[PDB]
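> Opening with a subset of the complex:
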Amino acid sequence: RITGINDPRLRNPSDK
Amino acid sequence: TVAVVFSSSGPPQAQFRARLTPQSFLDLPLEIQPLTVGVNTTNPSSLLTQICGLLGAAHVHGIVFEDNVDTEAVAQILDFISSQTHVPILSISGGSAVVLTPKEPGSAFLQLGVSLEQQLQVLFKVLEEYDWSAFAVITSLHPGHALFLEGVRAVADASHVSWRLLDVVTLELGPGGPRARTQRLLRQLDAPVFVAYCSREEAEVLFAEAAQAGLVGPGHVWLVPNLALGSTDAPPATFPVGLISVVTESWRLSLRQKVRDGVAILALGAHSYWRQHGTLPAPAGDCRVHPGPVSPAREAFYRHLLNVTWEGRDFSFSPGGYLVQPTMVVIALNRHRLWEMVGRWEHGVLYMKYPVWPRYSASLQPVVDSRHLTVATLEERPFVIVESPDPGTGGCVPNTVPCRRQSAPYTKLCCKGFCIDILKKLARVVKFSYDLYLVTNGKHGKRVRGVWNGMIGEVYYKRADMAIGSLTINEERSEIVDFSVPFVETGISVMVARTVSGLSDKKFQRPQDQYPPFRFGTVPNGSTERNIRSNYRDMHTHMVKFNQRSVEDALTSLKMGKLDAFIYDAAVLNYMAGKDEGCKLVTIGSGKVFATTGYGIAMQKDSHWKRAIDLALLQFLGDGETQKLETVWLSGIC
């Protein structure tokens, strides 16, 4: 789930 | 061959002999024979006759100058001579080493100094770091005042900060004029920072007048370029203590040392040109004839003469006769009337010896600002994060604060996190200033026979005034150091691998299981291990064989399978389980919190800040900004 407000996968950078 | 000329000092007969002696100094590949010349007095015909005679009866390739009592209108004669007879020269010290911007077209002067632009850049790089932004600019009626006034405005628009200017004034600070008018104009001013541009006599007059009209006390700060301040080895009276200037490197070398650099730079220039074409250009020294149209050979030699590097010192002359990219050093007047170094500058990043500006008084006894305090902390990943400054523009990204790891030499990191935002808002609302520095000893706090380390140690021994970060509340700490209301709620929690019904379960209460021995966490020397040891002796005895390096290695051990259960805080454990590889979970949840206390801001006992900012914390918690900060910094996927 890639939301518009804030995604923890986006807010916190990941490796993949 | 290279010529050397002295001027207007104690008779340097011994110095002249010492300079002439090393006919082979081995300072460069090949060494042209040096010769020395000395003028008794500085005058137009005297200088003209001496240089024309020497360079017409010696057939010299380059000539190196040495300055004098620092009187003006002397570099123009050198420019005139070099333009006429097409001989490259070089000024090394004194008043002749003052940058002349619109030099003659065909001239080759190459005077080592710094234009007003670079000095102003360095000054504004020291105003930004201490965050003054007052800009009380004062300039006398000097020949170059228009250039300075244009340059300050040009640089003001070349930075990030607004730089709210307050006032610029121009006054007649000459030997003769109405002192009453200048007294009236100086008496009406209000700004904590002054920048002044004037001459040495003008500087002494202006400083005496300011001392008369009470603008020199511990409230204000003065800044001047290198044009003033004169000799650098004899600070006169009425010069305020704390004066700040910027001078180039080699502000403390010897006269002989400077000449050694002057001959070296000429020698390397010839040697560098030698590798290109294997020759040394012939001299052109007919002062009486004064011939010579544009000559390509001498032009090429001069072009190759620009860049030089030796002994780890980069000398690169701009097309104008001044060097570019030097390593300036800032100096200031100590408490005992003596110039001393304060802060270096090296490839566009500024350093300082002092983390705060020392402020002195009439009877010394350095006063300390009442509305300034020091804050201690360290790094907790959800709450305080340390990042080294980017190589982008020296200072790091905005919405971050400078923060230095104390241990004299320092490296300026800049800390970011949740408690940092709380601190920023508190500084905004309570109207105070602060400086932040990390701790070096044990993380949070312990009492090894009355010796407290960590933030609690730094606060209890009166080396700090607050201690923000991940610092819970317990009975021991609250006795010796004050505390404010909690703003983040924590406790004790257990993390398992995705089996127990709390601490009171026989799994942890009775460590007498035969086949499986259970494993615990308990990173020691912290808050939790104190309560656990004090309330359950058997668990403390059986918890010796527990992995204890950080909150990081424990996750690896849990994921590997070498350890079964982790015991630590709640606010970091539940967050750490929010963003994880896969889904490692904890027991029942917020219902499993034991000894529920909260984070807090430690304070020295009986501090007047306590009441003032506890109310601010309550106000911040009331309307919900803390919820926004939590959803920004404390969210996870799983």
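Yep, it's here. Numbers count the residues shown, from 1 in each chain, chains lettered A, B, ... in the order given.
> where do the helices sit along chain A?
For chain A, applying DSSP state H gives helices covering A:8-11.
> Point me to the residue of it nearest chain B.
residue A:8 (4.5 Å; C-beta to the nearest C-beta). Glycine gets a C-beta too; all of them are placed from N, C-alpha and C.
> Quick check: that residue touching residue B:636?
Yes - counting by C-beta atoms under 8 Å, residue A:8 touches residue B:636, with 5.3 Å between them.
> which residues do the two both contact?
B:578, B:579 (C-beta atoms under 8 Å, 6 or more residues apart in numbering or on different chains).
> how about the nearest residue to the residue of chain A closest to chain B once chain neighbours are set aside, phi and psi?
Excluding the flanking residues, the one nearest residue A:8 by C-beta to C-beta, 6 or more residues apart in numbering or on different chains is residue B:637, at 4.5 Å. Here is the backbone geometry of residue B:637 (degrees, to the nearest 10): phi -90, psi -60.
> can you check residue B:489 too?
phi -100, psi 130.
> Show me what it bridges to in the sheet.
Here residue B:489 sits in beta bridges with residue B:598, going by DSSP bridges.
> What about it, how many residues nearby?
In terms of burial, residue B:489 registers 13 neighbours under the definition other C-beta atoms under 10 Å in any protein chain shown.
> which residues touch it?
Residue B:489 neighbours (C-beta under 8 Å, 6+ apart): B:571, B:596, B:598, B:599.
> can you tell me which of those residues lies nearest to chain A?
For those, the nearest to chain A is residue B:571 (16.8 Å; C-beta to the nearest C-beta).
> What sits closest to the closest one if chain neighbours are left out?
In space, residue B:571 is closest to residue B:490, 4.3 Å off (C-beta to C-beta, 6+ apart).
> correct me, but that neighbour touches residue B:596?
Yes - applying C-beta under 8 Å, one finds residue B:490 in contact with residue B:596, separated by 7.5 Å.
> Include this sequence as chain C:
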Amino acid sequence: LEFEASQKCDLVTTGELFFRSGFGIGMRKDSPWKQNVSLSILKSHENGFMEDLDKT
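Okay, chain C now, added to the rest:
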């Protein structure tokens, strides 16, 4: 609300908390009783006595 919802019957709490706050004893301005009250409350938090009182 939670005690009564879980106690009697047929009542359910909707959603969860939205604005959080704590409970405290009130005292007059700068009363001398404050330090000892706070210390005793903290030591009863950490003793486990408040857990027993809660479960009771």
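> The neighbour count of residue B:489 with chain C there, same question as before?
Residue B:489: 15 neighbours (other C-beta under 10 Å).
> Quick check: the gap between it and chain A.
21 Å (C-beta to the nearest C-beta, to the nearest Å).
> what does residue B:431 give?
Distance from residue B:431 to chain A, by C-beta to the nearest C-beta: 32 Å.
> just residue C:56 next, same as before
40 Å.
> For that residue, give me its contacts.
So residue C:56 contacts nothing (C-beta under 8 Å, 6+ apart).
> Just give me the residue right at the centre of chain C.
The structure's chain C has its C-alpha centroid closest to residue C:23; by C-alpha atoms, centre = their mean the separation is 5.4 Å.
> hang on, residue B:598 packs against residue B:486?
Yes - here residue B:598 reaches residue B:486: they are 2.5 Å apart, a contact under C-beta under 8 Å.
> what residues do those two have in common as contacts?
residue B:473.
> Provide the secondary structure category for the residue nearest to the centre of chain C.
coil (DSSP: H, G, I helix; E, B strand; the rest coil).
> Just the buried residues of stretch B:483-490, please?
Buried positions in stretch B:483-490, judged by neighbour count with 16 or more other C-beta atoms under 10 Å in any protein chain shown: B:483, B:484, B:485, B:486, B:487, B:488, B:490.
> Distance of the residue in the stretch 51-200 of chain B that chain A sits nearest to relative to residue B:401?
Nearest residue of the stretch 51-200 of chain B to chain A (C-beta to the nearest C-beta) works out as residue B:160 at 25.8 Å. From residue B:160 across to residue B:401, the span is 15 Å (C-beta to C-beta, to the nearest Å).
> What of residue B:96?
45 Å.
> which of these two has more neighbours?
residue B:96 (26 against 18).
> so that one makes contact with residue B:76?
No - when contacts are counted by C-beta under 8 Å, residue B:96 is not listed as touching residue B:76 (9.6 Å).
> Report the secondary structure state of residue B:36.
strand.
> For it, give me its contacts.
Contacts of residue B:36 by C-beta under 8 Å, 6+ apart are B:3, B:4, B:5, B:6, B:16, B:19, B:20.
> Right, I'll call it a day here.
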